[PDB]
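Input: a single structure, listed below in structure tokens.
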Amino acid sequence: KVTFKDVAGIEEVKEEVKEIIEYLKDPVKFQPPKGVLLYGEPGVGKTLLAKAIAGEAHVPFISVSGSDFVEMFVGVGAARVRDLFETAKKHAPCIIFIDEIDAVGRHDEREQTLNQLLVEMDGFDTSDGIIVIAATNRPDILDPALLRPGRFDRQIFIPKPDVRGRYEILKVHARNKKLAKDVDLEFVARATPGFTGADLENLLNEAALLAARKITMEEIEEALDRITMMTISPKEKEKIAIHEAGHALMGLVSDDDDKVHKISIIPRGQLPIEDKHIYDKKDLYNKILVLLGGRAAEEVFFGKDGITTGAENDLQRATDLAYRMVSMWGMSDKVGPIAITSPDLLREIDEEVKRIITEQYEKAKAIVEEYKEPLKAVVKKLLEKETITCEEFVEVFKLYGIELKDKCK
Amino acid sequence: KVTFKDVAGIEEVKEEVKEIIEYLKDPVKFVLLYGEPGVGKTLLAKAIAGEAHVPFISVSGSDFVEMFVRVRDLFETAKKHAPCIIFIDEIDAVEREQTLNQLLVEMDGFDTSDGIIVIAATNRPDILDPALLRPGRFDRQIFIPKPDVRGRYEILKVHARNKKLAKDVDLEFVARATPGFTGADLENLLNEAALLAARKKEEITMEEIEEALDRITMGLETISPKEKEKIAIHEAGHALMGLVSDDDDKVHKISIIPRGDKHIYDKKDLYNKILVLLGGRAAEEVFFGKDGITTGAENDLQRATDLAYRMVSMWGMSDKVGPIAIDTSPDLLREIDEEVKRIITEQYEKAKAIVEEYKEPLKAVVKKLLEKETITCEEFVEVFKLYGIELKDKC
Amino acid sequence: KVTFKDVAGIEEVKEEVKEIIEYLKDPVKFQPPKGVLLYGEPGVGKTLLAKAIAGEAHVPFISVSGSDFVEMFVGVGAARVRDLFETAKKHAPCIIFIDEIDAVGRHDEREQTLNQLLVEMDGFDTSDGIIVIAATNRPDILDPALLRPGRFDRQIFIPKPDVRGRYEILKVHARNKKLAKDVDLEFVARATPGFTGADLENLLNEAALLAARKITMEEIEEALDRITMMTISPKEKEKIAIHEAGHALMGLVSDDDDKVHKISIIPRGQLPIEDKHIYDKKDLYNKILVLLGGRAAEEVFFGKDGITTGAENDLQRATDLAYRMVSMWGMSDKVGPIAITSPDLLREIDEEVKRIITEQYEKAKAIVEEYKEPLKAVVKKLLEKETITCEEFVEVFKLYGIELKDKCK
Ligand SMILES: Nc1ncnc2c1ncn2[C@@H]1O[C@H](COP(=O)(O)OP(=O)(O)O)[C@@H](O)[C@H]1O
Ligand SMILES: Nc1ncnc2c1ncn2[C@@H]1O[C@H](COP(=O)(O)OP(=O)(O)O)[C@@H](O)[C@H]1O
Ligand SMILES: Nc1ncnc2c1ncn2[C@@H]1O[C@H](COP(=O)(O)OP(=O)(O)O)[C@@H](O)[C@H]1O
Ligand SMILES: [Zn+2]
Ligand SMILES: [Zn+2]
Ligand SMILES: [Zn+2]
């Protein structure tokens, strides 16, 4: 059995999949939902989420793994996919769950089967009554063709749980076991930042050794320390808080930008496809400034000897974008309106890129230097809660006589 | 019954299929449609069938295999009730290899002078087999573009006539409020608001029309209007340079809607093609300034520069470099880059000066295109004549 | 039925294939002809030429396309080729026509079948009584092994028809239809430069719409304008005339060179194989000068702002050859007798190449500047006729008191 109680710490994902649940329950009543792509680190509850979606609508669950499809002989995988959809159509309504989708997605051996999969996605119309759920641990290798309309057009991220999420997951797993009264799961949630649901289940199961010898806090602590011997250290919590806080500050103070999301020491999220948009010079300057917020805050607070690697992913994108401004979009007066080479031109390009990056970085550093005290306050609140809202950020900054731009999603 | 009266917003496609209609009408004395879903492909096929007053044999490619596992019998029945049209929806879907072989062997084998024709509908043309487009095999293809303001207004009228909406409502505002919609989208919108009125009336009102429009829009939840303005200005710069060309080929109708021959050329023609490719960005900078230029010109900026290279390294059109065409020493690459920059900056200054000269008629054209989402080269020429500027009447 | 009347505009190709026709008619009487390779743009009449060769000798015609050979399973194509030659030997005498040969030619999937083809070419001796004809639209990708002796050793180009060729093709196609008296096909031929036979047939068939509504000149013109909406424009005719005229002038005035061919605004022809020859420094200088004639004439007549892209193909070869003179044949005193690197050597090579090219280009420009009036006369004649003979060129230039070298093939 898999019910709503078995999932915890992701109300947004539940709200997003309620529509698919209604689709599985009553296909007629709706007057699309075709493919749902779940992505996240291993052990975050993707297969659990699929099983829960299946059990909520009270429909069958057809589970399969791509790993056994690919590694076969010519014709095995394509016939396997075809026969799968045959079973699904015969046993309609149901969910077809394909674990490790990106590993298989990545003419040739693997390609023919994936083509069969896409032909199946396109063949079943919305009156067949079926849906397909796919889970992946490595999304960067996925083929963009899988994200086209009518073919896994909807994507969902399963972030790691914060204090509340970890507490709820602990409560969920505890039900089967008869723990002691003295235990305080809240302290456990506050003492295991950066853990996944499977990781915490491993803690509850780990205390099985203590029950074997004798569940009390002694076992929970011994098992958390054993697995640790990867909880996020408090210094790492502070660093991540300052990074996300710089991001939020730059997003809020930008002259013109898009809505800002909820702050959290948990990762923000990737897996790009067609942006299908256009941007101007100032908008790109501002996006760069945003991507440079975390590192600027790090340097301002800890100094030049404190900057961290957490901005890696960030630091890349920013610089990457800068290149697209000079070598692809001709947004440089020095270089000129030329898009694509002799060493002189590459030198000019690099000089302009460094100019842009250093300008925006000095700008971000000055911004942070101006509003250091409310930033410290926000960091304290985020540390105590591990997750705050854009509105709470605005409130903390208003407490210092600083009126920020009112743009929250 | 389905005739052209049921179809609206595609006069060009009607002109193109008039020939097939006449062929179906008179066999003795005497096709692949592609576009996004819900644009009216099956409707267009049914309309051609009803216009020629001939049977309509509908089938879906997805259903071929298990139904034909035959094509022979399908075409035999089509020939029996000839003249007629054999419509195959979901053509791309067409075990499948053998069936597709049979289908193409029939297309080439059947000397379909019995009076029958074959129409196929597809949503993704990139996945269609090119072999299907051989002579006698879907020799001509047709695209169904999305309706503009006027097109959406007409389609709204088409479906609205049957149900009699409220008196106060005026569809023109609706057409102006639904950019990027298809015909099926408008059908679902009208039917949804009538159903909502039933749930509430039997006379469907603007409030309900909005109740459904806001619902569909929320489903979309969006291109900002500023993006519309930017696309308008870009396409307008393109149209201005192409229409104002010293020497050029014909220019097509301008449009902000998503898009998704000469044998040999001379130096000036290539300069002019570059100038055309640089029009959008020049207009962007002139209007919004150096801090407003956008990424929409990306592809364009590529082609332009690309062409410049072909002018220096392949066609020897540089006096400094000389008549040498193509490992190369750094000095030669430096000379090439310097000449390319010279050409590009020269043509860009030229384009900027041109735009600076004619900014007011450009603003007027942008306004008209924004309100209409699509104007004709002739309308462009008229707007520019309204300011005492007489352009060459070449469309 | 396919007869001699169905082919028009290529008397040279007919003269070349008369031998193969005699071979098909009487195999005994001859006291080799093995493979004939036809190459040209699509719609020029390659398959029509093969069918005509088959019908003239009154022998069977075994038509097949390589496209259906390649895309099969292992063994399909090789057995297909083998069984083809089995049918040909059983049904001897006949022609084995393989359309789209280069597409298939281009161990591995495709290679095994091509090997079978070559083994068949080598296996049937001249007493089997069979021949093989191959047609291709893209010859640049063809494997040189296919052009070896006894294996498609003879090659033929099907050029586009000029005024006379287009007129004759129009007459040929007209027979089936009952056109009006007012029509003048000569004007059509003069008004459709750069068209192929299939293109013109499309014009005659296009007038079918006018016959449906009501064939008169109105329909022919409406259909030519429709298809155009690619006839060569008159300015393009002038440019091509001047290009070919510069070529002919440089070929005729060269101190030592090979015979010059007939001038025509139609393309000259490619598909290289073993040259099996040797050349000297002066001969290569002269070949370069020839390849630079068209562009020199273009600049002299229209100025530096008139040079065109028609010389593209030409401009490449010339420069390419120049490189072979310095980096492969040691024909540079500055560089020295070294054949194959530090940047200095590459710089020296490039400087010598530019020296050679600019020298020969100034030479060609001076030559043209000397004889501009007879060149204009020749261009006028070529424009009016679209094709002149080397002898007519010599006559036009003699009319101005200029005696050219008497070397015409
Ligand atoms: N958010 C969560 N809430 C409750 N349990 C979870 C959660 N995430 C993971 N688990 C537990 O972890 C285990 C592995 O779940 P699974 O979905 O297979 O991991 P993944 O989807 O990351 O590969 C399950 O037994 C489940 O009980
Ligand atoms: N251009 C149009 N004008 C009027 N109605 C249209 C148009 N396009 C689509 N429709 C409506 O949308 C519905 C779907 O049409 P259809 O052609 O079957 O969709 P598709 O061709 O995308 O499969 C029809 O009921 C039709 O009335
Ligand atoms: N030189 C020509 N003379 C007469 N008809 C021609 C000529 N070239 C092409 N055609 C016409 O064009 C059509 C296509 O001929 P085909 O040989 O198949 O083209 P290709 O060989 O270029 O692929 C034929 O129906 C033929 O009547
Ligand atoms: Zn970050
Ligand atoms: Zn553009
Ligand atoms: Zn040439």
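By order in the structure tokens, chains are A, B, ...; within a chain, residues start at 1; ligands start at 1, following the order shown.
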
Long-range neighbours of stretch 288-301 of chain B as a list in words, 6 Å cut-off, only C-alpha atoms, 5 positions minimum in chain: residues 278, 279, 280, 281, 329 and 339 of chain A; 277 of chain B

Neighbourhood of ligand 1 at 8 Å, counting only C-alpha atoms and all ligand atoms, reported as a PDB file with N, CA and C atoms, in the first residue's frame:
```
ATOM      1  N   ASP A   6       2.364   8.510   3.079  1.00  0.00           N
ATOM      2  CA  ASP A   6       3.724   8.022   2.879  1.00  0.00           C
ATOM      3  C   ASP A   6       4.648   9.052   2.238  1.00  0.00           C
ATOM      4  N   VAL A   7       4.113  10.139   1.686  1.00  0.00           N
ATOM      5  CA  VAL A   7       4.919  11.201   1.094  1.00  0.00           C
ATOM      6  C   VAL A   7       4.871  12.403   2.024  1.00  0.00           C
ATOM      7  N   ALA A   8       6.008  13.080   2.175  1.00  0.00           N
ATOM      8  CA  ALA A   8       6.087  14.213   3.083  1.00  0.00           C
ATOM      9  C   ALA A   8       7.183  15.166   2.634  1.00  0.00           C
ATOM     10  N   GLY A   9       6.944  16.457   2.857  1.00  0.00           N
ATOM     11  CA  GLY A   9       7.936  17.481   2.614  1.00  0.00           C
ATOM     12  C   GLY A   9       7.896  18.120   1.245  1.00  0.00           C
ATOM     13  N   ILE A  10       6.848  17.880   0.459  1.00  0.00           N
ATOM     14  CA  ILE A  10       6.761  18.431  -0.889  1.00  0.00           C
ATOM     15  C   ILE A  10       5.309  18.741  -1.228  1.00  0.00           C
ATOM     16  N   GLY A  40      15.773  14.306  -9.717  1.00  0.00           N
ATOM     17  CA  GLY A  40      16.322  14.597  -8.408  1.00  0.00           C
ATOM     18  C   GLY A  40      17.366  13.567  -8.047  1.00  0.00           C
ATOM     19  N   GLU A  41      18.084  13.857  -6.961  1.00  0.00           N
ATOM     20  CA  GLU A  41      19.145  12.968  -6.516  1.00  0.00           C
ATOM     21  C   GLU A  41      18.571  11.602  -6.142  1.00  0.00           C
ATOM     22  N   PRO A  42      19.413  10.570  -6.085  1.00  0.00           N
ATOM     23  CA  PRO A  42      18.915   9.243  -5.702  1.00  0.00           C
ATOM     24  C   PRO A  42      18.400   9.235  -4.270  1.00  0.00           C
ATOM     25  N   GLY A  43      17.339   8.464  -4.043  1.00  0.00           N
ATOM     26  CA  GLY A  43      16.803   8.302  -2.706  1.00  0.00           C
ATOM     27  C   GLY A  43      15.918   9.429  -2.228  1.00  0.00           C
ATOM     28  N   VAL A  44      15.418  10.274  -3.136  1.00  0.00           N
ATOM     29  CA  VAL A  44      14.556  11.386  -2.739  1.00  0.00           C
ATOM     30  C   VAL A  44      13.076  11.030  -2.773  1.00  0.00           C
ATOM     31  N   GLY A  45      12.710   9.874  -3.324  1.00  0.00           N
ATOM     32  CA  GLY A  45      11.334   9.413  -3.284  1.00  0.00           C
ATOM     33  C   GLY A  45      10.600   9.512  -4.607  1.00  0.00           C
ATOM     34  N   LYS A  46      11.323   9.365  -5.718  1.00  0.00           N
ATOM     35  CA  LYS A  46      10.687   9.429  -7.031  1.00  0.00           C
ATOM     36  C   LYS A  46       9.784   8.221  -7.264  1.00  0.00           C
ATOM     37  N   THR A  47      10.322   7.012  -7.078  1.00  0.00           N
ATOM     38  CA  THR A  47       9.505   5.811  -7.230  1.00  0.00           C
ATOM     39  C   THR A  47       8.382   5.787  -6.203  1.00  0.00           C
ATOM     40  N   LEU A  48       8.665   6.250  -4.983  1.00  0.00           N
ATOM     41  CA  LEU A  48       7.619   6.359  -3.973  1.00  0.00           C
ATOM     42  C   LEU A  48       6.523   7.311  -4.430  1.00  0.00           C
ATOM     43  N   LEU A  49       6.905   8.431  -5.050  1.00  0.00           N
ATOM     44  CA  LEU A  49       5.912   9.380  -5.540  1.00  0.00           C
ATOM     45  C   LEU A  49       5.059   8.763  -6.642  1.00  0.00           C
ATOM     46  N   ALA A  50       5.680   8.000  -7.545  1.00  0.00           N
ATOM     47  CA  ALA A  50       4.909   7.334  -8.594  1.00  0.00           C
ATOM     48  C   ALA A  50       3.936   6.320  -8.002  1.00  0.00           C
ATOM     49  N   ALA A 135      11.479   8.514 -14.065  1.00  0.00           N
ATOM     50  CA  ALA A 135      12.361   8.982 -13.006  1.00  0.00           C
ATOM     51  C   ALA A 135      13.814   8.856 -13.441  1.00  0.00           C
ATOM     52  N   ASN A 137      18.087   9.943 -12.223  1.00  0.00           N
ATOM     53  CA  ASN A 137      19.063  10.507 -11.300  1.00  0.00           C
ATOM     54  C   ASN A 137      20.050  11.439 -11.993  1.00  0.00           C
ATOM     55  N   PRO A 161      14.586  17.564   1.599  1.00  0.00           N
ATOM     56  CA  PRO A 161      13.728  18.149   2.636  1.00  0.00           C
ATOM     57  C   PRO A 161      14.504  19.046   3.589  1.00  0.00           C
ATOM     58  N   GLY A 165      10.407  19.183   6.362  1.00  0.00           N
ATOM     59  CA  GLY A 165      10.330  17.993   5.533  1.00  0.00           C
ATOM     60  C   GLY A 165      10.972  16.787   6.189  1.00  0.00           C
ATOM     61  N   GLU A 168       8.775  15.532   9.053  1.00  0.00           N
ATOM     62  CA  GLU A 168       7.599  14.808   8.583  1.00  0.00           C
ATOM     63  C   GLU A 168       7.977  13.434   8.042  1.00  0.00           C
ATOM     64  N   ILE A 169       9.092  13.339   7.312  1.00  0.00           N
ATOM     65  CA  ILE A 169       9.529  12.043   6.798  1.00  0.00           C
ATOM     66  C   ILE A 169       9.869  11.097   7.945  1.00  0.00           C
ATOM     67  N   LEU A 170      10.539  11.611   8.980  1.00  0.00           N
ATOM     68  CA  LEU A 170      10.834  10.798  10.154  1.00  0.00           C
ATOM     69  C   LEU A 170       9.552  10.290  10.800  1.00  0.00           C
ATOM     70  N   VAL A 172       6.724   9.828   9.347  1.00  0.00           N
ATOM     71  CA  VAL A 172       6.109   8.862   8.441  1.00  0.00           C
ATOM     72  C   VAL A 172       6.737   7.489   8.636  1.00  0.00           C
ATOM     73  N   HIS A 173       8.070   7.427   8.602  1.00  0.00           N
ATOM     74  CA  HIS A 173       8.746   6.137   8.706  1.00  0.00           C
ATOM     75  C   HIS A 173       8.591   5.521  10.093  1.00  0.00           C
ATOM     76  N   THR A 196      18.396  12.910   2.552  1.00  0.00           N
ATOM     77  CA  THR A 196      17.234  12.529   1.768  1.00  0.00           C
ATOM     78  C   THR A 196      16.331  11.615   2.593  1.00  0.00           C
ATOM     79  N   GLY A 197      15.147  11.336   2.046  1.00  0.00           N
ATOM     80  CA  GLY A 197      14.211  10.469   2.746  1.00  0.00           C
ATOM     81  C   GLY A 197      14.772   9.079   2.977  1.00  0.00           C
ATOM     82  N   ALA A 198      15.364   8.488   1.938  1.00  0.00           N
ATOM     83  CA  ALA A 198      15.998   7.184   2.099  1.00  0.00           C
ATOM     84  C   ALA A 198      17.102   7.242   3.147  1.00  0.00           C
ATOM     85  N   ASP A 199      17.856   8.345   3.176  1.00  0.00           N
ATOM     86  CA  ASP A 199      18.905   8.504   4.178  1.00  0.00           C
ATOM     87  C   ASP A 199      18.339   8.432   5.593  1.00  0.00           C
ATOM     88  N   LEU A 200      17.210   9.105   5.836  1.00  0.00           N
ATOM     89  CA  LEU A 200      16.607   9.111   7.168  1.00  0.00           C
ATOM     90  C   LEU A 200      15.989   7.758   7.511  1.00  0.00           C
ATOM     91  N   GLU A 201      15.352   7.115   6.529  1.00  0.00           N
ATOM     92  CA  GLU A 201      14.858   5.764   6.758  1.00  0.00           C
ATOM     93  C   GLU A 201      16.009   4.871   7.192  1.00  0.00           C
TER      94      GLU A 201
END
```

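Picture a line from atom CA of residue C:409 to atom CA of residue C:390; it runs 8.0 Å.
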
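The nearest approach to chain B among the residues A:309, A:136, A:116, A:176, with only C-alpha atoms taken into account, belongs to A:116.
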
Those of stretch 99-239 of chain C in DSSP strand (DSSP E), formatted as an MDAnalysis selection string: chainID C and resid 99 130:136 154:157

Chain C contacts on chain B, only C-alpha atoms, 12 Å, as a PyMOL selection string: chain B and resi 18-20+22-23+25-30+97-98+101+131+135+249-252+261-271+307+310-333+395

Could the residues in this selection be written to a file with C-alpha atoms, as a PDB file, in the first residue's frame?
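selection_25.pdb, written as the output of this step:
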```pdb
ATOM      1  CA  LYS B  18      -8.535  25.468 -55.667  1.00  0.00           C
ATOM      2  CA  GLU B  19      -6.637  23.395 -58.239  1.00  0.00           C
ATOM      3  CA  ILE B  20      -7.209  20.153 -56.322  1.00  0.00           C
ATOM      4  CA  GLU B  22     -11.249  21.618 -59.665  1.00  0.00           C
ATOM      5  CA  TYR B  23      -9.468  18.301 -60.252  1.00  0.00           C
ATOM      6  CA  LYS B  25     -14.872  18.318 -59.601  1.00  0.00           C
ATOM      7  CA  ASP B  26     -14.078  17.220 -63.177  1.00  0.00           C
ATOM      8  CA  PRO B  27     -12.044  13.998 -63.553  1.00  0.00           C
ATOM      9  CA  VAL B  28     -12.736  13.299 -67.221  1.00  0.00           C
ATOM     10  CA  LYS B  29     -12.007  16.685 -68.763  1.00  0.00           C
ATOM     11  CA  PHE B  30      -8.820  16.951 -66.696  1.00  0.00           C
ATOM     12  CA  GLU B  97       8.477  -0.241 -42.139  1.00  0.00           C
ATOM     13  CA  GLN B  98       6.687  -2.843 -44.268  1.00  0.00           C
ATOM     14  CA  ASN B 101       6.862   0.442 -48.023  1.00  0.00           C
ATOM     15  CA  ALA B 131      11.187   9.469 -49.335  1.00  0.00           C
ATOM     16  CA  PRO B 135       7.388  12.902 -57.312  1.00  0.00           C
ATOM     17  CA  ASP B 249      14.744  39.867 -54.478  1.00  0.00           C
ATOM     18  CA  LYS B 250      11.068  40.012 -53.587  1.00  0.00           C
ATOM     19  CA  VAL B 251      10.212  40.612 -49.924  1.00  0.00           C
ATOM     20  CA  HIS B 252       7.470  38.641 -48.196  1.00  0.00           C
ATOM     21  CA  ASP B 261      17.028  31.153 -55.411  1.00  0.00           C
ATOM     22  CA  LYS B 262      19.313  33.441 -57.395  1.00  0.00           C
ATOM     23  CA  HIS B 263      21.982  31.439 -59.203  1.00  0.00           C
ATOM     24  CA  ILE B 264      25.049  33.679 -58.760  1.00  0.00           C
ATOM     25  CA  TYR B 265      25.580  36.928 -56.870  1.00  0.00           C
ATOM     26  CA  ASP B 266      27.803  40.008 -57.067  1.00  0.00           C
ATOM     27  CA  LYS B 267      29.632  42.042 -54.429  1.00  0.00           C
ATOM     28  CA  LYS B 268      26.902  44.662 -54.003  1.00  0.00           C
ATOM     29  CA  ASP B 269      24.183  42.009 -53.747  1.00  0.00           C
ATOM     30  CA  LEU B 270      26.092  40.393 -50.880  1.00  0.00           C
ATOM     31  CA  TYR B 271      26.625  43.754 -49.178  1.00  0.00           C
ATOM     32  CA  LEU B 307      28.287  35.607 -45.332  1.00  0.00           C
ATOM     33  CA  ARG B 310      32.441  33.748 -47.574  1.00  0.00           C
ATOM     34  CA  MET B 311      33.101  37.130 -49.215  1.00  0.00           C
ATOM     35  CA  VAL B 312      36.749  37.313 -48.092  1.00  0.00           C
ATOM     36  CA  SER B 313      37.989  33.729 -47.684  1.00  0.00           C
ATOM     37  CA  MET B 314      36.010  32.106 -50.536  1.00  0.00           C
ATOM     38  CA  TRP B 315      35.204  34.837 -53.086  1.00  0.00           C
ATOM     39  CA  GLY B 316      38.280  37.093 -52.902  1.00  0.00           C
ATOM     40  CA  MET B 317      36.111  40.218 -52.692  1.00  0.00           C
ATOM     41  CA  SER B 318      38.724  42.112 -50.614  1.00  0.00           C
ATOM     42  CA  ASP B 319      41.292  44.433 -52.183  1.00  0.00           C
ATOM     43  CA  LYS B 320      43.521  44.391 -49.089  1.00  0.00           C
ATOM     44  CA  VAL B 321      43.609  40.592 -48.866  1.00  0.00           C
ATOM     45  CA  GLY B 322      43.525  40.163 -52.636  1.00  0.00           C
ATOM     46  CA  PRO B 323      42.070  37.476 -54.920  1.00  0.00           C
ATOM     47  CA  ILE B 324      43.096  34.538 -52.718  1.00  0.00           C
ATOM     48  CA  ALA B 325      40.517  31.948 -51.651  1.00  0.00           C
ATOM     49  CA  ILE B 326      40.708  29.010 -49.257  1.00  0.00           C
ATOM     50  CA  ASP B 327      46.898  26.217 -42.245  1.00  0.00           C
ATOM     51  CA  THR B 328      47.299  29.996 -42.474  1.00  0.00           C
ATOM     52  CA  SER B 329      49.732  32.359 -40.782  1.00  0.00           C
ATOM     53  CA  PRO B 330      48.366  34.677 -38.060  1.00  0.00           C
ATOM     54  CA  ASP B 331      48.883  37.797 -40.196  1.00  0.00           C
ATOM     55  CA  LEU B 332      46.454  36.546 -42.849  1.00  0.00           C
ATOM     56  CA  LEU B 333      43.794  35.625 -40.279  1.00  0.00           C
ATOM     57  CA  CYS B 395       6.450  43.231 -53.294  1.00  0.00           C
TER      58      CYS B 395
END
```

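Atom 25 (O, counted along the ligand's line) of ligand 2 is found 15.6 Å from atom CA of residue B:146.
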
Nearby residues (only C-alpha atoms) at most 9 Å from residue A:216, same-chain spacing under 2 positions excluded, as a PDB file with N, CA and C atoms, in the first residue's frame:
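Contents of the output file part14.pdb:
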```pdb
ATOM      1  N   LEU A 179       8.974   3.280  18.819  1.00  0.00           N
ATOM      2  CA  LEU A 179      10.068   4.003  19.447  1.00  0.00           C
ATOM      3  C   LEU A 179       9.716   4.428  20.876  1.00  0.00           C
ATOM      4  N   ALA A 180      10.730   4.941  21.570  1.00  0.00           N
ATOM      5  CA  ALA A 180      10.627   5.458  22.928  1.00  0.00           C
ATOM      6  C   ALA A 180      10.025   6.863  22.951  1.00  0.00           C
ATOM      7  N   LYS A 181       9.500   7.238  24.122  1.00  0.00           N
ATOM      8  CA  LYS A 181       8.901   8.561  24.292  1.00  0.00           C
ATOM      9  C   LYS A 181       9.962   9.659  24.289  1.00  0.00           C
ATOM     10  N   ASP A 182      11.141   9.378  24.852  1.00  0.00           N
ATOM     11  CA  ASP A 182      12.171  10.400  25.018  1.00  0.00           C
ATOM     12  C   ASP A 182      12.641  10.978  23.690  1.00  0.00           C
ATOM     13  N   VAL A 183      12.455  10.253  22.587  1.00  0.00           N
ATOM     14  CA  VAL A 183      13.011  10.680  21.311  1.00  0.00           C
ATOM     15  C   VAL A 183      12.379  11.998  20.890  1.00  0.00           C
ATOM     16  N   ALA A 207      18.793   2.150  13.935  1.00  0.00           N
ATOM     17  CA  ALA A 207      18.475   1.936  15.349  1.00  0.00           C
ATOM     18  C   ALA A 207      18.008   0.506  15.620  1.00  0.00           C
ATOM     19  N   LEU A 210      20.263  -1.152  17.972  1.00  0.00           N
ATOM     20  CA  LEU A 210      20.041  -0.862  19.385  1.00  0.00           C
ATOM     21  C   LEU A 210      18.867  -1.663  19.930  1.00  0.00           C
ATOM     22  N   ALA A 211      17.783  -1.761  19.157  1.00  0.00           N
ATOM     23  CA  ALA A 211      16.670  -2.609  19.585  1.00  0.00           C
ATOM     24  C   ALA A 211      17.119  -4.058  19.741  1.00  0.00           C
ATOM     25  N   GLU A 218      19.815   7.203  22.279  1.00  0.00           N
ATOM     26  CA  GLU A 218      21.169   6.676  22.163  1.00  0.00           C
ATOM     27  C   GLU A 218      21.375   5.994  20.816  1.00  0.00           C
ATOM     28  N   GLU A 219      20.429   5.144  20.408  1.00  0.00           N
ATOM     29  CA  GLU A 219      20.546   4.460  19.124  1.00  0.00           C
ATOM     30  C   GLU A 219      20.490   5.432  17.955  1.00  0.00           C
ATOM     31  N   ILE A 220      19.549   6.376  17.994  1.00  0.00           N
ATOM     32  CA  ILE A 220      19.413   7.339  16.903  1.00  0.00           C
ATOM     33  C   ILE A 220      20.704   8.129  16.723  1.00  0.00           C
ATOM     34  N   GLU A 221      21.289   8.586  17.831  1.00  0.00           N
ATOM     35  CA  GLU A 221      22.531   9.345  17.749  1.00  0.00           C
ATOM     36  C   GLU A 221      23.690   8.477  17.282  1.00  0.00           C
TER      37      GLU A 221
END
```

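Around residue A:122, within 10 Å and counting only C-alpha atoms, the residues found are residues 34, 116, 117, 118, 119, 120, 124, 125, 149, 150 and 151 of chain A; 62, 90, 92 and 93 of chain B, once anything fewer than 2 positions away on its own chain is removed.
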
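Atom CA of residue B:116 to atom CA of residue B:17 spans 14.7 Å [interatomic distance, one decimal].
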
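Excluding residue B:389 itself and any same-chain residue fewer than 2 positions from it, the protein and nucleic acid residues within 12 Å of it, counting only C-alpha atoms, are residues 244, 357, 358, 359, 360, 361, 362, 380, 381, 382, 383, 384, 385, 386, 387, 391, 392 and 393 of chain B.
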
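Residues surrounding stretch 62-78 of chain C within 7 Å are residues 81, 82, 95, 96, 97, 98, 99, 100, 101, 104, 109, 110, 112, 113 and 116 of chain C [only C-alpha atoms; sequence separation below 3 positions excluded].
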